[PDB]
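Just below is one structure, and these are the notes that go with it.
Residue numbers start from 1 in every chain, and the chains themselves are labelled A, B, ... in the order their sequence lines are given, proteins ahead of strands.
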Amino acid sequence: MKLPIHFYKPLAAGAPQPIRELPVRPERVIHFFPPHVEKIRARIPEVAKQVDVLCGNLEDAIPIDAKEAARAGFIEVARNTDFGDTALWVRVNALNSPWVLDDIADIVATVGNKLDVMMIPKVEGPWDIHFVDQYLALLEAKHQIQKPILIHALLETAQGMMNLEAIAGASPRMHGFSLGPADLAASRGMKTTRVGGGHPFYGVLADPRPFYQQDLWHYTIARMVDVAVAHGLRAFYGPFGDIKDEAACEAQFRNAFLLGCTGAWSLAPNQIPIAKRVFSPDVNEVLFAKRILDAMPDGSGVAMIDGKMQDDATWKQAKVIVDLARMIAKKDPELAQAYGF
Amino acid sequence: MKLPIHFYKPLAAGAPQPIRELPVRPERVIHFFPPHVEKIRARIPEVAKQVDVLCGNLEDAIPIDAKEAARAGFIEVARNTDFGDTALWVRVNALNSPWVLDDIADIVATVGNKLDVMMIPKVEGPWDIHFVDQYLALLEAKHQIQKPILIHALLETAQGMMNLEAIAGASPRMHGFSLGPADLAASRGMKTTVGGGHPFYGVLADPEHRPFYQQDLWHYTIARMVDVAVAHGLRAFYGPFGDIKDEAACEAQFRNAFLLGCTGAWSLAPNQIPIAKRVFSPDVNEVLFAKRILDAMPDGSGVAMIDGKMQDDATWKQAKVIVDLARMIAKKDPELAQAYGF
Amino acid sequence: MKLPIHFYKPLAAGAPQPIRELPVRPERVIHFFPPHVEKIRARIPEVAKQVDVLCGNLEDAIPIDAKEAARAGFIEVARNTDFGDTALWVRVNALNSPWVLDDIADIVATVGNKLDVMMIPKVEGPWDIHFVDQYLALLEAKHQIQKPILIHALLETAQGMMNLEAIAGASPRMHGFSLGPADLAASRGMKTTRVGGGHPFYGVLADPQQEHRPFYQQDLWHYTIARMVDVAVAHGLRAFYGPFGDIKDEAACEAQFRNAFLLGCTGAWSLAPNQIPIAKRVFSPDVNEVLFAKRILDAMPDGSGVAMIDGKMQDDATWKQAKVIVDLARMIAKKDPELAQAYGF
Amino acid sequence: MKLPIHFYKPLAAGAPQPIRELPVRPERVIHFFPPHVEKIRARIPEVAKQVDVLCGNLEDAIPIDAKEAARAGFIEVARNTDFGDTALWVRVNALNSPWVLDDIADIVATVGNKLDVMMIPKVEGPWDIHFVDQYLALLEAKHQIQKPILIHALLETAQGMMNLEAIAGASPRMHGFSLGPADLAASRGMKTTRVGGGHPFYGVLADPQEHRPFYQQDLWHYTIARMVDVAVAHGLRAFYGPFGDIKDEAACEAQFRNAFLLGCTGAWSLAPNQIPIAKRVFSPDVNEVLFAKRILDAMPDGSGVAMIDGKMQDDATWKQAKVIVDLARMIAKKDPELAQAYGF
Amino acid sequence: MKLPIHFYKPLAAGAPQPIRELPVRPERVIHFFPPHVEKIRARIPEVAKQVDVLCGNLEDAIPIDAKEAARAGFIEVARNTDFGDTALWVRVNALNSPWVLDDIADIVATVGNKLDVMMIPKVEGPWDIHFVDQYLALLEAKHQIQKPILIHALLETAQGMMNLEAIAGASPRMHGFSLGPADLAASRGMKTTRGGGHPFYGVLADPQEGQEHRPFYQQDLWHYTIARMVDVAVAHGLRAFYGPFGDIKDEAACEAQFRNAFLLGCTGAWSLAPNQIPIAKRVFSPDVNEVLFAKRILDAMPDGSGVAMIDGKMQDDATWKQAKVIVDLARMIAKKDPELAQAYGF
């Protein structure tokens, strides 16, 4: 709705200048953790090094009794821990809840200069983003935050799916989208208690009899990807609830990856290597991106490579995945040999 | 879009207040009947006891010579019959046809207070909904109909599928959508094997014998329809399954629809009636696991693990959908109440 | 979007009257050829009769040094061949490239009266159509072109997919779309094997029962094609599967071509001679569809009134729809033995 | 951009249910005061009785170093005064400013149940309304405010004017608009200075024939007309803002009367002398009340169809008639002579 | 509408990067000249020093037999002259005419690096902008033009007036609009005595008892049009202009019409004759005494907030923001107008 002339203006005197390009960094796994449980908080600095992104959770799966405790716990661990190359996110409570006003406000007050991305659940339309963008801009000015805190929208209501284009366009803070398969099923009335992969009842019956199961989430992921990529945002697969079935987890993660998602959530330590292995950049795309960078050294002009003309749009897309691959190659030696770094 | 302040005002002075929420009733089976066949008219009291919804049909399969008879036939059944829990629908002729003006006018004038929903063939955009809304409101005012008759949009063309949002939002009479698979496939140029798949839609494995995995032609259509319909507070329906001979395939196509969020389906023949009632009811084992989820977090908030599956607020709301539907369905069917918890 | 009353006016004083409905002619196969290669130019009058459409390529796989060569070879082979019933297309270079201005200007000024469709690569929004539409009008006015050159849009970016409705509605020149799997895969960050068009590791794992869990492969392109068909058909346009890049695998090419036909695509490209008979086999009209359409034409001898066939009401609109199926079956049955023997004329 | 099925749902569990219609009450004069001036805070209990609406000011005209004092002054007055039938409004600071977060939070927490309408300056687009709407909802839930605080949008920017339709429809909290002539002139680059009147060099020169006469024109005709149309179409009220030249009561009256003739509901008053000018100008026309009483008489059950003087009457006109009669009866409660003319 | 992430990217490989905000220069007068007349070309170097903007005209009042000579004539004068502080514009022919393709192509190829703004007649909707944007960008990449040439839209139809928001938003090349009053009145079916107005447009006073004749108050035809043009332009970051005042000889009527456009928020106006140049520069310059007074508003409130009383007139934050607009224009014009640099001081 906002005209480009005004789109990148900060929304408060003293707020950091809005971002023009989303920051490039590894986002292969987003590891949730319950911040009100002490034993988990103690292992967090060691866990922090095993993940690309660490995300404190304050909304779903936190008992109502523990809401205030999860907030203090998140501020506590974020205070004392240096997260190095790992990104730090938090999922706050829904915008109609009694906790979201103090959630956002105190987290910016105490750890704002360490928060990279704030995850907003149950987004229904661009108005939700409009609130959070202005609220953040004012808190950023009050507490003198240096970097703009980005917005990450959880895509888990039927209205969010309908309003997807408007949500993606609602703010220069937008980082991307996470599909929430359980909430989105409840919202749509999909008839399943599952959080993730296939369903035995969803299939095609052969003619006279073999039964071929079908992907429940094809339309949903394809739609999320197309809208995200068109806005320069990133799409993510959210939770896979069957923590034990690592094969089904890998199959679901890889499906998201093959349609174009950047990473996936992990709800338990054992899903962390699954997300890292599935969402690692494809070797042959990195290697082709390096030819593009080599063909257009300063990023301008026209070049061909294998009968295909390279432009400014391909150079910037190539530049993103090579920078990302270098950052991955710096944490894992086996990948560094595969990308050539 | 009509501004919300003008959206809920009635369109004719003396026509009833527009609703702001739909009624709550099982709509698992929409059973059609030709009102011009007296034998079929004679058996309507008995059939009414077996179906959630009875839809008089004035459109497809009613010969040109039978139209006046079918319209008078419908009025006579609706007059004479007590339906009770069964909703009474009518599918009138298409908006460009020489019968629709009298279809709606004669039916409202006589049995307007007994009609729940009017189904409109071939809805192509919001203008179709605006005509019917305004016509209905003028007729309801003239015969002082007490409750507003609802509009059910039949999805039969590519233009209608592309205007699905504007159709869904065009009136507070909107009740929901039915997919007309044969007619929609004909409009798109799809090739099917009436209202079902086609065995040659699949993907070939990589290069002995080379496996072939069939796909569902209707995934995009159904998913888009449920998204639009639910976002607006409406319901989606699978329409006609034309392969009456093949009942394994009819139950398979119905269960897919049910899983994606469709509410019910059409029965074109008496054998489809029990299939549609069983498939658009929750599975027993699925009601049972969902009752385990509701138990593990009575406040609906927190975390739990069942059979190695994580549960939270979101799965609690999944179980509430499943359990509440089974509860409502079980009040009407006392036999399924015994396969759940009564 | 322009108002209906301005939508059908010519955009230049001297340009031909825009068309109100698409020309009805066979488009089962779209055969590409590099117009700079001399030996290819020499056998073009013969390949012309094996294909429904001949499309000159000036863009991908044409070297930078051959750009003026391909453009000039196209102009020469287009002025000298009589194509008979075959349609003549050309794919120009992208709208951001150093070659498209002379591509369009030289072709319209030499062979414009011979060109049926111009294909634009990488159409990302309505603005692209607006540039081509106005550019073509000015050129057609200058060179007294009698009939409008239509525009065919190549889908290769997530942005193009998101703007599909606006693109379809941006001009009466709009002919249809072609999906370009490999480039659109790259635009979205999809993973495909074999030059676009698939991935064997996209699939649904069965529940546990046995240690072997069945794995059901899925189609990566279902959303894309279904969306393409709805937007194309709602505007009166046609949808096509573009380049199937694995030329050596004829089983898989037939499978991919058939999925597109079953979902409602009109034709597909061919990159090599072995794909020409595959496209023509798969995209031949369904016989039952034509039989029904003929009954409509019979029941209403002059497309007036209201009739009913197999319980289905028919009107002037169905009648104009049956006439398009029947006229197209007759054109295709001229070149197709099995349709000629299945349905006749 | 919200669907009617969700437009009228509260934005927080606990926040009061949103209005479907606007409160009917006299709104002929919006009287502004600086709440940081102690001599003004002392006279508020008497000023309240003389005005329809009293609006505290925290934005323009309040110095930067008085901001925190204006806010605390406003809360002191509001806690300690019974406004009776007078409505209580606040104009808070702009949404990009260091004061607006505590402005809204503190006022809601302490005097939320006495606050009728919140004025938001320098509105540019529906996104401003979305922010205030959701923010108000959460605060109202926290402090259990019992009716929803409404939102009044100040037209002070060319962006706001271009986005007027979208602003009007952005929330069921919307109460209406006020034209802010000085700020709007600056935003457009209108080359005038005076807050709210004519300009002597804006006019039409006659064709040559001795001396060519010069007919002055209204600068604000398009602006007010567009504001009234958008506002009425949305069931909202439009207001003329401040008239600056306090001493020139005739130019005040004519500018106020122009807004009244185009469809505005009331006007601001900056100084005690403007109070009786706004109340006289913006009272309903006698004929408008009289005609509205007959519509109310032709249809005792406000449904069905009635024809009055050649013209048919439905439920929208019965409802616009009941608003103006209720308004007129309330204006008679405190005006003897208008009571006899209105027929009460 | 193009999305912001894509709005600011170039439309051709090697085209100069889109600007994010318009250049700030004085645009009080847009002086038109017919480039096929030799006597006019000879004196351009001198007249270019007298005008804020110089605009070569290929369209109206350029005969059909003279089109090519006017186009080549414009290239000859642009190549030779050094224009200094004076912006150089050109009005090409309409997008439907047989001359516009070469108009645009030839001029960018030769004098592209000197052209600031290209003015397009009869812009009816955003699609016209899209054509000119893509066409320029290819030409700019072909001939390596260093900075983007801007687009000025001339409004001559009811369609363009109705499509004004979409036109304003269609490209980062967008500069502004000029009203074409005679063409716009003709498209709408308005009747005007000269663009101009019409003395018979007015309000009849009711009869008074002793009057011979009822007074007749003349009204302005163009109020809604100009007011709509300023709101849409300013909201998008662009600038609105009065176009041609065809009645060249009635200097007093010219001054009053321009003044009305100025007070509502127009930046400047066209001049079709040397006698209109001083009028446009004077009407679209802030009044000296108003600038002088605005300096006193700014100093009375250094923080720009609160109140102040200056010469018995009340001042507040809003008046301060008016003063800043009026002072900021005066300061920028003083860098171009040597006698107003005196009268303004600073």
Side-chain angles (χ1 to χ4, degrees), chain A residues 1-3 5-7 9-15 64 92-105 108-109 120 122-144 157-160 162-167 169-173 187, chain D residues 1-3 5-7 9-15 18 64 92-105 108-109 120 122-144 157-160 162-163 165-167 169-173 187:
Chain A
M1 296 167 206
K2 302 204 213 201
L3 305 174
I5 180 90
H6 312 305
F7 181 73
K9 294 174 184 195
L11 269 44
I64 276 149
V92 296
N93 278 284
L95 298 180
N96 73 307
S97 65
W99 313 282
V100 66
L101 255 195
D102 290 341
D103 283 1
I104 289 166
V108 179
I120 299 305
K122 280 147 191 68
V123 173
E124 328 198 318
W127 43 90
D128 296 318
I129 305 308
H130 290 156
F131 165 76
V132 168
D133 190 5
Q134 178 70 68
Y135 195 19
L136 279 170
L138 288 157
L139 295 169
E140 290 177 338
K142 189 182 203 74
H143 305 273
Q144 287 192 323
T157 78
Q159 252 190 287
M162 150 161 310
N163 287 326
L164 197 50
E165 291 79 5
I167 293 161
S171 167
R173 292 184 188 272
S187 187
Chain D
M1 179 199 149
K2 212 160 325 203
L3 295 171
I5 201 63
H6 310 292
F7 190 68
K9 301 194 217 169
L11 277 47
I64 273 161
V92 303
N93 283 283
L95 297 195
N96 62 341
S97 84
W99 308 281
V100 67
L101 265 203
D102 290 343
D103 275 350
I104 297 175
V108 164
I120 317 278
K122 269 148 206 72
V123 172
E124 271 149 20
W127 41 90
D128 299 319
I129 308 303
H130 299 150
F131 168 77
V132 182
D133 191 358
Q134 178 62 94
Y135 190 35
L136 279 175
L138 287 160
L139 290 171
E140 290 167 348
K142 182 180 207 178
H143 305 297
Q144 310 157 231
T157 71
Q159 252 185 282
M162 186 187 64
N163 294 332
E165 295 90 356
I167 290 154
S171 161
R173 288 198 191 255
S187 167

Practice item. Evaluate the side-chain proximity of A:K142 to D:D102: yes if any heavy-atom separation is below 4.5 Å, no if none is. Key: yes

Revision key, fill the gap. Honestly, the part of A:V132 sitting under 4.5 Å from a heavy atom of chain D is neither

Review point. By salt bridge (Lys or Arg N to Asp or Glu O under 4.0 Å), which residues pair with A:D128, not counting sequence neighbours?
Key: none

Review point. Where does the angle between the aromatic ring planes of D:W127 and A:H130 fall among parallel (under 30°), tilted (30 to 60°) and perpendicular (over 60°)?
Key: perpendicular

Check your understanding: Between A:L3 and D:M162, is any pair of side-chain heavy atoms under 4.5 Å apart?
Key -> yes

Check your understanding: In Å and rounded to the nearest 0.5 Å, what is the NZ to CD distance from D:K2 to A:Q159?
Key -> 8.5 Å

**Study point:** A:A137 portion near chain D, given a 4.5 angstrom heavy-atom threshold
**Key:** neither

Exercise for review: Let me know if A:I129 has heavy atoms under 4.5 Å from chain D in its side chain, its backbone, both or neither.
Suggested key: neither

Review point. Contact part of A:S97 toward chain D, heavy-atom cut-off under 4.5 Å: side chain, backbone, both or neither?
Key: backbone

**Study point:** Closest contact, heavy atoms only, D:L139 versus A:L101
**Key:** CD2-CD1, 3.9 Å

Check your understanding: With only heavy atoms counted, which part of A:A166 is less than 4.5 Å from chain D, the side chain, the backbone, both or neither?
Key -> side chain

Review point. For A:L95, is it the side chain, the backbone, both, or neither that has a heavy atom closer than 4.5 Å to a heavy atom of chain D?
Key: both

Point to revise | Any A:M1 side-chain heavy atom under 4.5 Å of D:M1 side chain | key: yes

Check your understanding: Do the rings of D:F131 and A:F131 sit parallel, tilted or perpendicular, given the 30° and 60° boundaries?
Key -> parallel

